[PDB]
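Chains as they are written, first to last, in the authors' numbering: chain R, 569 to 620; chain D, 359 to 446, 460 to 516; chain B, 359 to 446, 460 to 568; chain L, 517 to 568; chain X, 255 to 266, 292 to 306.
All C-beta atoms in this analysis are idealised placements derived from N, C-alpha and C, irrespective of residue type, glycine included.
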Amino acid sequence: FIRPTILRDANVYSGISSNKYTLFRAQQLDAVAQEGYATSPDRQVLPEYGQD
Amino acid sequence: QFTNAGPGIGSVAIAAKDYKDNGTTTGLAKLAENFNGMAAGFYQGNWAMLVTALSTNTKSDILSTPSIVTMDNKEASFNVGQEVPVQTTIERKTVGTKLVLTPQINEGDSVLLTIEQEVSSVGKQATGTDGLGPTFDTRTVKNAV
Amino acid sequence: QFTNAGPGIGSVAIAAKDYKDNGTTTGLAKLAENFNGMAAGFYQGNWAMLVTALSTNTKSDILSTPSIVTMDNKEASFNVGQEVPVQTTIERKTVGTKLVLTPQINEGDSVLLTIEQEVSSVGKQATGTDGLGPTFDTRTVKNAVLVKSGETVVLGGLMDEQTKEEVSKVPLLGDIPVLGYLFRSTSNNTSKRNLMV
Amino acid sequence: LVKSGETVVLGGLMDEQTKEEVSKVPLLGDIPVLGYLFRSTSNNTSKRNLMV
Amino acid sequence: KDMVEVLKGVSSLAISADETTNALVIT
């Protein structure tokens, strides 16, 4: 399956990138809350959008 | 005696008679190497009986979603896979999850996508071939949609 | 007797009977070389029983951020990786964290970035190949993208999920919904890779 | 292109790697504390911050 | 790029196609 998605201007391309940036960030923060539970390992997380 | 079965009563009996008085185990240990199932022997007086059974039943699920953002009418490449040598003196081939796509935009909505993609693999990095170079399991589709 | 299992009762029994009266250990020590799990034997009268179990479960996280400052419309190169020989007589290939980028600036904010990048590796510097030269694990993406001067964006990515399931069971008995797990030797595997550039 | 006095960034690579492995016994290895007696864990981590 | 060749026949009038914006410039 192929699902194209067209970005006509920049503002649509932040939101599209921000939801993958955050869904990836939110996935790292989910993996921390299991590694935190297990103790003695580190998964390190991407900051928030635009904070570097 | 039959063959569809894992092993033949021949190798088994000979091995058991060769394993007597602290004998060898190479012969018999080589038969029983790949065997898989329930081999159940039974002696009722003089008739010997050997019952063989295994059901192999398997399951695999694969799902790859390699996305990419390109300018219209430029071909993007996207690879996540690897360069392995192939004979022809050798050569490098990029086999992994590949998406090569040159999108083209209808003024309004609908994208024309020229796709050449495949999911390919060198089987096992520690396995050979009946041929001469490496082999590849590929799932490919090149089309415009 | 089954195979999905680490080792076969055959090699084990033969080895134990070959290890008697101060025998060899080569044969048996070679079986038990890669084995991983809980092999639990039990004798109740005459029926011998061997239970095999291991779950391998794995985790890896990688994050590379190779930045570079270039003049517009000049291609920068940036490499942090290495030159290894490949056959073709040999040849030098730069495989490591590479960013090759030729930026181009919209008068105002948004950068057109022509990117050719990859994270590639020669597996192990002390490991061979089923082929002939060295091999490379690469993660590559070559595209032009146009992004606003402040904004962090997706170039591409691959989210890959694999699940292989195997059973070696006894036909009728292996299918008893609970007891049946005593006849079956199951081998399951799963993986996940979520890569975002 | 840099000012005649100023020290600047040419480029750089900040690379972070974390491999986690366990060889555990299926059910027993997952007991949140006792389970570490069944599991043989091998963890690895690395960091390289290169600035030119 | 493909259309340029097609139209070149009709002309054969001066054509080029810009690979980037995928536009045809005829005069």
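Using 8 Å as the threshold, is the C-beta distance between residue i and residue j below it?
i: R510 (chain D); j: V493 (chain D); result: no
i: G527 (chain B); j: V471 (chain B); result: no
i: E441 (chain D); j: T468 (chain B); result: no
i: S558 (chain B); j: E537 (chain B); result: yes
i: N514 (chain D); j: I486 (chain D); result: yes
i: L408 (chain B); j: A390 (chain B); result: no
i: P542 (chain B); j: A411 (chain D); result: yes
i: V518 (chain B); j: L484 (chain B); result: yes
i: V516 (chain B); j: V525 (chain L); result: no
i: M257 (chain X); j: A296 (chain X); result: yes
i: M530 (chain L); j: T465 (chain B); result: no
i: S418 (chain B); j: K535 (chain L); result: yes
i: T361 (chain B); j: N415 (chain D); result: no
i: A373 (chain B); j: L386 (chain B); result: yes
i: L614 (chain R); j: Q602 (chain R); result: no
i: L550 (chain B); j: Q612 (chain R); result: no
Could you tell me whether any Cβ in chain L is nearer than 8 Å to the Cβ of residue i?
i: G395 (chain B); result: yes
i: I420 (chain B); result: yes
i: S425 (chain B); result: yes
i: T468 (chain B); result: yes
i: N415 (chain B); result: yes
When the Cα of residue i is compared with those of the options, which residue comes out closest?
i: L566 (chain L); options: B:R463, B:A371, B:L421, B:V438; result: B:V438
i: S520 (chain B); options: B:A411, B:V482, B:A363; result: B:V482
i: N301 (chain X); options: D:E478, D:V370, D:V516, D:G499; result: D:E478
i: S435 (chain D); options: D:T446, D:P474, D:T416, D:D376; result: D:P474
i: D430 (chain D); options: R:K588, R:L575, R:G618; result: R:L575
i: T498 (chain D); options: B:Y377, B:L503, B:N394; result: B:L503
i: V444 (chain D); options: D:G399, D:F400, D:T382, D:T500; result: D:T500
i: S539 (chain B); options: D:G403, D:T460, D:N394, D:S425; result: D:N394
i: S369 (chain B); options: D:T382, D:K375, D:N404; result: D:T382
i: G618 (chain R); options: R:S608, R:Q612, R:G583; result: R:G583
i: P365 (chain B); options: B:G403, B:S556, B:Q496; result: B:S556
When DSSP builds the beta bridges, which residues end up paired with residue i?
i: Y401 (chain B); result: B:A406
i: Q440 (chain B); result: B:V466
i: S539 (chain B); result: D:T414, B:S556
i: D419 (chain B); result: L:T534
i: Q475 (chain B); result: B:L483
i: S265 (chain X); result: For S265 (chain X), which the question treats as bridged, DSSP gives no partner whatsoever.
i: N565 (chain B); result: B:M530
i: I426 (chain B); result: L:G527
Does any residue of chain D bring its CB to less than 8 Å from the CB of residue i?
i: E298 (chain X); result: yes
Would a check of beta-carbon distances place residue i closer than 8 Å to chain B?
i: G618 (chain R); result: yes
i: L483 (chain D); result: no
i: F360 (chain D); result: no
i: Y605 (chain R); result: no
i: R463 (chain D); result: yes
i: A601 (chain R); result: no
i: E536 (chain L); result: yes
i: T410 (chain D); result: no
i: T511 (chain D); result: no
i: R576 (chain R); result: no
i: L503 (chain D); result: no
i: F569 (chain R); result: no
i: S608 (chain R); result: no
i: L526 (chain L); result: yes
i: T428 (chain D); result: yes
i: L550 (chain L); result: no
Which of helix, strand or coil does DSSP assign to residue i?
i: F507 (chain B); result: strand
i: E259 (chain X); result: helix
i: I367 (chain D); result: helix
i: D598 (chain R); result: helix
i: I486 (chain B); result: strand
i: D297 (chain X); result: strand
i: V516 (chain B); result: strand
i: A387 (chain D); result: helix
i: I372 (chain D); result: helix
i: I305 (chain X); result: strand
i: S435 (chain D); result: strand
i: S492 (chain B); result: strand
i: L292 (chain X); result: coil
i: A497 (chain D); result: coil
i: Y589 (chain R); result: helix
i: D546 (chain L); result: helix
Tell me, please, whether the CB atom of residue i is closer than 8 Å to any CB atom in chain X?
i: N431 (chain D); result: yes
Closer than 7 Å: is that where the CB of residue i sits relative to any heavy atom of the ligand ADP?
i: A390 (chain D); result: Annotation note on the ligand ADP: not contained in the displayed structure, which lists no ligands.
Within 8 Å (strictly less), CB to CB, does residue i reach chain R?
i: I476 (chain D); result: yes
i: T523 (chain L); result: no
i: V516 (chain D); result: yes
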